[PDB]
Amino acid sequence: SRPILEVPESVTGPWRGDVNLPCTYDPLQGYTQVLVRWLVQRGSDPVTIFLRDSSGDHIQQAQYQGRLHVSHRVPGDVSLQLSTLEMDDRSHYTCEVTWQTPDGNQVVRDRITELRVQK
């Protein structure tokens, strides 16, 4: 039926190193990826830190420009790579993908993961 996001409940990354937050799905006929959003939890809101759409990749925040990259080569792999991990990077991250469906409407799916940072 619908695409299925595959996201681990938690990921451990090395302090000062790099980590991949996996977010993948098996592509399905008739479902066209139209948006990928990654968010991080701060307070009452998850805040957007990355968007990919038909105009390309968008990292609005200067603090993430140059340390945040999202997988692109393999269809269905939209894992987030975070570089030079800080203790402050420990948080819940949300991977959210939007598809156009065979019927012509849209569907959105999201999954939360926790990043822990280990010395």
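Start at 1 and count along the sequence shown; that's the residue number.
On average the C-alpha atoms of 43 to 51 have higher B-factors than those of the other stretch, with 43 to 51 and 80 to 88 being the two compared. Legend: mean Cα B-factor per stretch from the PDB entry, 57 to 65 versus 29 to 37; the higher mean is in 57 to 65. Sorting the modelled residues of the chain by their CA temperature factor places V7 in the middle third. Compared with the other modelled residues of the chain, the Cα B-factor recorded for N105 ranks in the highest third. Split the chain's modelled residues into thirds by C-alpha temperature factor. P14 is in the highest one.
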